[PDB]
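Letters A, B, ... are given to chains in the order of the sequence lines, protein chains preceding strands, and every chain is numbered from 1.
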Amino acid sequence: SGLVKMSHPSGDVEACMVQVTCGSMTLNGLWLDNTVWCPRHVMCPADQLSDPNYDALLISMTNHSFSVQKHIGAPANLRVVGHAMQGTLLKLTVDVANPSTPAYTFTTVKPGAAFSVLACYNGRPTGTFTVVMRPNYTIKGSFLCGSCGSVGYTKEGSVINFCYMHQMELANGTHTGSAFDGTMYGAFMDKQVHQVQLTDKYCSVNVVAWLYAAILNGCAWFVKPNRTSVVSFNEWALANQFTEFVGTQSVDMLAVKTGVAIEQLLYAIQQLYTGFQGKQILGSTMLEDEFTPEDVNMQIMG
Amino acid sequence: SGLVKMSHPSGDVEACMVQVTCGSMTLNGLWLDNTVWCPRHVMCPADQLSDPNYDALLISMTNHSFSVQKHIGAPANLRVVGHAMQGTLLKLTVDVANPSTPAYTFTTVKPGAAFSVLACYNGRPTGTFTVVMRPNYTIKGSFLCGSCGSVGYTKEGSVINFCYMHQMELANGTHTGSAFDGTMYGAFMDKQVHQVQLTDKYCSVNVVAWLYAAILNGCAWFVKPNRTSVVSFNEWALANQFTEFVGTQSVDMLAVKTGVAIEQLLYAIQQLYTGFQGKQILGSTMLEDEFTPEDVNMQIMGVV
Ligand SMILES: CCC(=O)Nc1ccc(N(Cc2ccsc2)C(=O)Cn2nnc3ccccc32)cc1
Ligand SMILES: CCC(=O)Nc1ccc(N(Cc2ccsc2)C(=O)Cn2nnc3ccccc32)cc1
């Protein structure tokens, strides 16, 4: 028993991190087969960060402008033999296929979804943590300058789903990046300018997941017979900083195992939003929305 | 910027996990060169869990009573060619040295200290998280049956400090295990019998660390000129379920970077623990004590 923030084992991804340097700029990249992905602002000189002409910058580059070093677990000398730009990413081609490339996919995650981040500096992995893609297409991470190119991922069986490459800090403790299709989450621009963020919201389906966890750990005081329909909850949510609740098969399994219906928890949420009346739930005096239904099924029930 | 719960990259340790089997019983083990470590309760029949005679169980076994297998990386079986017990652990000698053995040492963690855990089932890594050794020598983890033998560690340079091997659940969300000298944290017994816990406490020096993190992240409303000396804080702590505060150079560095004195934060804690009066600190409405001084220096200052 117990529920805590958990990340995927990082070994597979660690073996894929490298350093990328272009002029006076260096950061992290991801080495999959013959490709090395990194943020394109690695091209950008310090005096143009607030207004990069990425088209011009790409034109000025040759394969010799890029230095790619493997700093852990290999005597790998990596020659760049091709370079291209795909959205906010660079795609560099190298003359050697990463012998430790995992089975993998590229997937764009939606709000409320969780993934593991492998924080990296100069191609050296330093730490791992889990984040949720906030409803405003930010994440709440722990990143310092030099962490760009750190990757985010999930894992289904042996397959690694790469879904995030770290790009920028937007405000204290507020970060964003792109999917590997090159699209930036939240459409934030990779320029050094201040950019307004939309309002954050409680991830309703994750709060339900978390309450199911509570019930399965013997904490069920908030459960009453009373129910609120999905439809009525979703109207209330719009007025009260909650996302729309969409049920999944993962949520339904928690309902089955506990015998407590989703609609009882939607009711509970409307009562708990008002406050906990001096009580707690799994050690918290506030609603938690960074535990997903899948995460709870994994941790409570295997 | 940002402060999150952070664990060590786990790849080094992943390559050392195996499954240990003793008849109908199975759990996880740690393969370092020639030796496989695992909990000795792998030997105990359901029959006997409440009152196990481990000495008697050991002599009833031969090398053939055990087997080991490697699931991650290149799969293999590892033949057992010797067996021994050290405290609450077995040391099984196997016929192949782990070719991916890291540099490591065996340490014992003290209360308030943090380490990473690699949760494993059937010798397969499933997740990682970070815990603090509570003042009552438990940790607050996430473990299912089958997770026994999962390890906890920290890392200095290349050297992995193995400090924990998971043994048992004591109560809901409450766990303990042993150090690799075989001694159980808190001197809990590896027996299925109820055992009372000592009182858990707020880890004061960690709470101080987290308030510094807050200040460094633009959250400093609780900072006032008011102070409380350490000694006077510590007399207060005895009475209000806080640990004795002991300063360290790690803490001192944070004081300097922020220009806010430990004593000011000790005063703040005395006000905050009754509640934040509707305000928030790093998104929390309660004191957080699982962020260590060293962890905050690393995450925010970049210093290790
Ligand atoms: C040539 C040397 C150099 O320093 N380049 C550079 C690159 C990126 C950034 N930006 C802003 C931005 C975005 C697109 S273009 C510029 C970050 O947000 C970097 N960043 N990412 N996570 C951070 C966390 C803390 C501080 C800075 C952080 C700043 C500087
Ligand atoms: C197949 C036979 C079998 O079940 N053996 C067995 C071994 C250990 C335990 N105990 C208690 C204990 C200790 C020494 S002797 C008994 C745990 O706390 C196991 N444990 N560890 N983390 C857990 C998390 C949830 C449930 C049980 C957990 C329970 C059962």
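- The backbone N or O of A:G157 lies less than 3.5 Å from no partner atom in the side chain of A:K155, so there is not a single donor-acceptor pair.
- Looking at heavy atoms from C-beta onward, B:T176 lies in side-chain contact with B:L170 at the 4.5 angstrom threshold.
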- Walk me through it: do B:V131 and B:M133 pass the test side-chain contact (heavy atoms from CB on, under 4.5 Å)? CA-CA 7 Å; B:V131 294; B:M133 184 57 60; over 6 Å; no

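- At least one donor-acceptor pair closer than 3.5 Å links the side chain of B:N136 to the backbone N or O of B:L198.
- Note: B:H166 and B:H175 have perpendicular aromatic rings, judged against thresholds of 30 and 60 degrees for the angle between ring planes.
- Listed for the A:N217 side chain is a donor-acceptor partner under 3.5 Å among the backbone atoms of A:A213.
- A:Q299 places a side-chain N or O within 3.5 Å of a backbone atom of A:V4 that can act as its donor or acceptor partner.
- The environment of CG in B:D95 is crowded: more than 12 heavy-atom neighbours from other residues, nucleotides or ligands sit within 6.0 Å.
- For the pair B:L57/B:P45, a side-chain contact is recorded, criterion being any heavy-atom separation below 4.5 Å from C-beta on.
- No side-chain heavy atom of B:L30 sits under 4.5 Å from any side-chain heavy atom of B:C38.
- We find the CE-CG distance between B:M17 and B:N122 to be 11.5 Å, quoted to the nearest 0.5 Å.
- Nearest heavy atoms, B:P9 versus A:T126: CD-O, 3.6 Å.
- We find the SG-CG distance between B:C44 and B:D51 to be 9.0 Å, quoted to the nearest 0.5 Å.
- If you take CG on A:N28 and OG on A:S147, they are separated by 7.5 Å, rounding to the nearest 0.5 Å.
- Atoms CZ and NZ, from A:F129 and A:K140 in turn, are 13.0 Å apart once rounded to the nearest 0.5 Å.
- Side-chain atoms of B:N172 do not come within 3.5 Å of backbone N or O of A:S1 as any donor-acceptor pair.
- Taking the six-membered ring where the residue is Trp, B:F180 and B:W37 present perpendicular rings, their angle passing 60° and hence far from 30°.
- Atom CD1 of residue A:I160 and atom CG of residue A:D12 lie 4.0 Å apart, to the nearest 0.5 angstrom.
- Smallest separation of non-hydrogen atoms from A:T130 and A:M6: OG1-O, 2.7 Å.
- With hydrogens and angles disregarded, a donor-acceptor distance shorter than 3.5 Å links the side chain of A:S142 to the backbone of B:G2.
- Looking at A:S158, its side chain never comes within 3.5 Å of a backbone N or O of A:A103 through a donor-acceptor pair.
- Counting heavy atoms from C-beta outward, B:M85 and B:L90 have side chains that approach closer than 4.5 Å.
- Counting only heavy atoms from C-beta outward, the side chains of A:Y212 and A:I262 approach each other to under 4.5 Å.
- Residues A:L254 and A:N297 meet the side-chain proximity criterion, which asks for heavy atoms closer than 4.5 Å.
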- Are A:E288 and A:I281 close enough, and set up right, to give a side-chain contact (heavy atoms from CB on, under 4.5 Å), and what steps lead you there? CA-CA 9 Å; A:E288 304 289 349; A:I281 303 174; over 6 Å; no

- Residues B:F66, B:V36; criterion side-chain contact (heavy atoms from CB on, under 4.5 Å); working and verdict: CA-CA 11 Å; B:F66 305 97; B:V36 172; over 6 Å; no

- Message: Applying side-chain hydrogen bond (donor to acceptor under 3.5 Å, both in side chains) to B:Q69 and B:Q19, what does each step give before you reach the verdict?
- Response: CA-CA 5 Å; B:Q69 53 188 350; B:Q19 176 176 33; 3.0 Å; yes

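- Taking the side chain as every heavy atom from C-beta outward, A:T154 and A:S116 never approach each other to under 4.5 Å.
- In this structure, the separation between CG on B:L287 and SG on B:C203 is 12.0 Å, given to the nearest 0.5 Å.
- Looking at A:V251 and A:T248, their side chains come closer than 4.5 Å, going by heavy atoms from C-beta outward.
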- Query: Run the salt bridge (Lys or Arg N to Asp or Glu O under 4.0 Å) check on B:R134 and B:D289 step by step: do they pass?
  - Reply: CA-CA 10 Å; B:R134 304 305 309 172; B:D289 74 341; 2.7 Å; yes

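- Scanning all heavy atoms of the two residues, the minimum distance from A:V96 to A:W31 falls at O-NE1, 3.2 Å.
- Within a 6.0 Å sphere centred on CZ of A:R124, heavy atoms belonging to other residues, nucleotides or ligands number more than 12.
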- Task: List the steps and the verdict of side-chain contact (heavy atoms from CB on, under 4.5 Å) for B:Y104 and B:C16.
- Result: CA-CA 11 Å; B:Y104 66 90; B:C16 303; over 6 Å; no

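- The closest donor-acceptor contact from the side chain of A:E14 to the backbone of B:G11 lies under 3.5 Å.
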- Item | Steps toward side-chain hydrogen bond (donor to acceptor under 3.5 Å, both in side chains) verdict (B:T93, B:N34) | CA-CA 6 Å; B:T93 309; B:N34 238 23; over 6 Å; no

- Query: Given B:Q197 and B:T174, is the side-chain hydrogen bond (donor to acceptor under 3.5 Å, both in side chains) satisfied, shown in steps?
  - Reply: CA-CA 10 Å; B:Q197 296 164 43; B:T174 307; 4.7 Å; no

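- In this structure, the side chain of B:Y54 does not engage the main chain of B:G87 through any donor-acceptor pair within 3.5 Å.
- Counting heavy atoms of neighbouring residues, nucleotides and ligands inside a 6.0 Å radius, atom CD of B:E156 does not exceed 12 of them.
- Heavy-atom neighbours of B:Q241 CD from other residues, nucleotides or ligands within 6.0 Å: at or below the threshold of 12.
- Here the shortest heavy-atom pairing between B:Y153 and B:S10 reads OH-CB, 3.6 Å.
- For the residue pair B:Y185 and B:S178, the shortest heavy atom distance occurs at CE1-C, 3.9 Å.
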- Item | Full working for side-chain hydrogen bond (donor to acceptor under 3.5 Å, both in side chains) between B:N161 and B:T105 | CA-CA 5 Å; B:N161 315 125; B:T105 60; 3.1 Å; yes

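- At least one donor-acceptor pair closer than 3.5 Å links the side chain of B:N98 to the backbone N or O of B:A15.
- Of all heavy-atom pairs spanning B:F115 and B:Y164, the tightest one is CE1-CB, 3.6 Å.
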